[PDB]
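Architecture and fold: a report
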Amino acid sequence: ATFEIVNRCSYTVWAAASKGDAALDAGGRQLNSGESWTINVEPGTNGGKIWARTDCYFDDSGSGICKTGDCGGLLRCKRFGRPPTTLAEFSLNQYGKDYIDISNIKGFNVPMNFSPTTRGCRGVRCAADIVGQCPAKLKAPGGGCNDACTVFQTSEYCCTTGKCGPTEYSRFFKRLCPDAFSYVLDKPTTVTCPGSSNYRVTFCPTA
Ligand SMILES: O=C(O)c1cc(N2C=C(CCO)NN2)cc(C(=O)O)n1
Ligand SMILES: O=C(O)c1cc(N2C=C(CCO)NN2)cc(C(=O)O)n1
Ligand SMILES: O=C(O)c1cc(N2C=C(CCO)NN2)cc(C(=O)O)n1
Ligand SMILES: [Eu+3]
């Protein structure tokens, strides 16, 4: 499957793509403002994620640091990124269909649109100014808006036992972005697409 990753932000981002125990394609790349990077994701990829990283430094070997979304200091991510990270999430070729969503469960750093480039389903978007409107206690000093699990480490926020409700913090994310997951047990906003669809992830789609 192809994923065209487009940075419409006025700032550079370092895109990342992983399924948690492996890179997808090269795993990461710098995208200056306006740049597009197209990756190939293997069919059947389950639990893949794409995110932006901000304020990164990498040496000539691809090792360094980012202020949001850092994946063990690598340019080319093999692992998931450090919150806060707005997440484009997908599982492909699952009994004939693809499933996509955006999640704020690991916080929000950069606005995003995640849409198919082929027919048969809608896209999803979380493009509101979550960082600017972020509740004081969730603001990340390194940049972004943390989720409450990251900040407080409670069973209720982290849904540790599979029982939790919405919270004042989850409701903030949900109000700003109704079409993204705001907590683990949120009413799903997953979109079913034809199996083997292709996609575009656009950072700062309206920004
Ligand atoms: O993002 C990480 O840091 C990470 C992700 C992991 N994984 C592994 C998967 C795939 C299936 O479990 N997903 N995330 C595992 C570990 C770790 O053991 O330290 N760490
Ligand atoms: O570098 C890692 O693999 C890593 C760093 C982690 N963290 C988490 C923090 C605190 C705030 O994010 N600092 N390092 C957590 C994990 C994991 O759970 O597998 N992995
Ligand atoms: O604590 C972690 O989350 C962790 C520790 C790791 N390791 C591995 C070693 C041994 C030698 O590198 N030390 N910490 C690796 C990972 C990861 O890949 O996600 N995560
Ligand atoms: Eu780890």
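About the criteria used
- Residues numbered from 1 in each chain as written, not as in the entry; some residues may be left out.
- Chains lettered and ligands numbered in written order.
- Heavy atoms only, no water.
- Disulfide = S-S within 2.5 Å.
- UniProt positions renumbered as here; feature names shortened; annotations may be inferred.
- Helix = DSSP H or I, 4+ residues; strand = E, 2+ residues; numbered from the N terminus.
- Pairing = 2+ DSSP bridges.
- Axes fitted to C-alpha atoms, helices over the stretch in contact; angles between N-to-C directions.
- Buried < 20%, exposed > 50% of the residue type's maximum accessible area, 1.4 Å probe, protein only.
- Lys, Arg positive; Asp, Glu negative; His and termini not counted.
- Salt bridge = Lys/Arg side-chain N within 4 Å of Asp/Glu carboxyl O.
- Polar contact = N/O pair within 3.5 Å; in protein donor to acceptor, adjacent residues only side chain to side chain.
- Contact = heavy atoms within 4.5 Å.
- 1 Å grid on protein atoms, 1.4 Å probe; cavity = no way out; pocket = protein on both sides within 12 Å on 5 of 7 lines; lining within 4 Å.
- Points joined across faces, edges and corners; volume = space filled by probe spheres on them.
- Nonpolar A, V, L, I, M, F, W, Y, C, P; charged D, E, K, R; others polar.

In its metadata, the entry names X-ray crystallography as the structure determination method and reports 1.200 Å as the resolution.

Turning our attention to the UniProt feature "disulfide bond" in the chain. At 2.1 Å, the distance between the sulfur atoms of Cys-126 and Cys-177 falls under 2.5 Å, matching the disulfide given in UniProt. Taken together, the positions of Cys-126 in strand β10 (residues 124-126) and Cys-177 in the loop between α4 (168-176) and β11 (191-194) put the pair 51 residues apart, joining distant regions of the chain.

Sheet architecture is open: five strands sit in the order β4-β1-β12-β9-β10, paired in mixed fashion. A strand with exactly one partner marks an edge of an open sheet, and here the two such strands are β4 (36-40) and β10. Neighbour to neighbour, the strand axes of the sheet diverge by 15° on average, direction disregarded. Where strand β9 (residues 112-116) meets β10, three bridges bridge the pair, whose relative direction is antiparallel. In the sheet register, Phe-114 faces β10, and the bridge partner there is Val-124.

Okay, the side chain of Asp-147 next. Structurally, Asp-147 can be placed in the loop between α1 (130-133) and α2 (148-152). No salt bridge is formed by the buried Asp-147, whose closest oppositely charged neighbour, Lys-106, lies at an N-O distance of 5.8 Å. Separated by 3.0 Å, the side chain of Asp-147 and the backbone nitrogen of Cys-149 make a polar contact. Sequence-distant contacts of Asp-147, defined by excluding residues within four places in its chain, comprise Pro-83, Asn-104, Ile-105, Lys-106, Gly-107, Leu-138 and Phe-173.

Turning to unusual backbone geometry, a few remarks are in order. Looking along the chain, the bond that leaves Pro-83 and enters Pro-84 is cis, with omega of 5°. The phi dihedral of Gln-153 falls on the positive side, at around 55°, and the residue is not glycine. Although it is not a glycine, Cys-204 sits at a positive phi angle of roughly 55°. Relative to the assigned elements, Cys-204 resides in the segment after β12 (199-203). With a relative accessible area of 3%, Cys-204 lands in the buried category.

Working definition: the covalent bond between the sulfur atoms of two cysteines is a disulfide. All chains considered together, the criterion is met by eight disulfides. Disulfide partner of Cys-149: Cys-158, at an S-S distance of 2.0 Å. Note on the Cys-149 and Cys-158 pair: the S-S dihedral is about 100°, so by sign convention the disulfide is right-handed. Judged by relative accessible area, which is 16%, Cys-149 ranks as buried.

Tallied over the entire structure, the rule returns one cavity of 30 Å³ or more. In this structure, the largest cavity occupies an estimated 130 Å³ of space. Lining of the largest cavity is provided by 17 residues; of these, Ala-148, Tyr-157, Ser-170, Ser-182 and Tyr-183 occupy positions nearest its centre. Of all the secondary structure elements, the ones that give two or more residues to the lining of the largest cavity are α2, α3 (155-158) and α4. Residue contributions to the lining of the largest cavity peak at three residues, all from α4. Broken down by class, the residue content of the lining of the largest cavity amounts to ten nonpolar, five polar and two charged.

Moving on to the pattern of salt bridges. Evaluated as defined, the whole model comprises five salt bridges. Measuring nitrogen to oxygen at the nearest pair gives 2.8 Å for the salt bridge that ties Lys-19 to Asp-21. The exposure class assigned to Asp-21 is exposed, which follows from its relative accessible area of 53%. With its nearest N and O atoms 3.3 Å apart, the salt bridge here joins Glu-35 to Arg-29.

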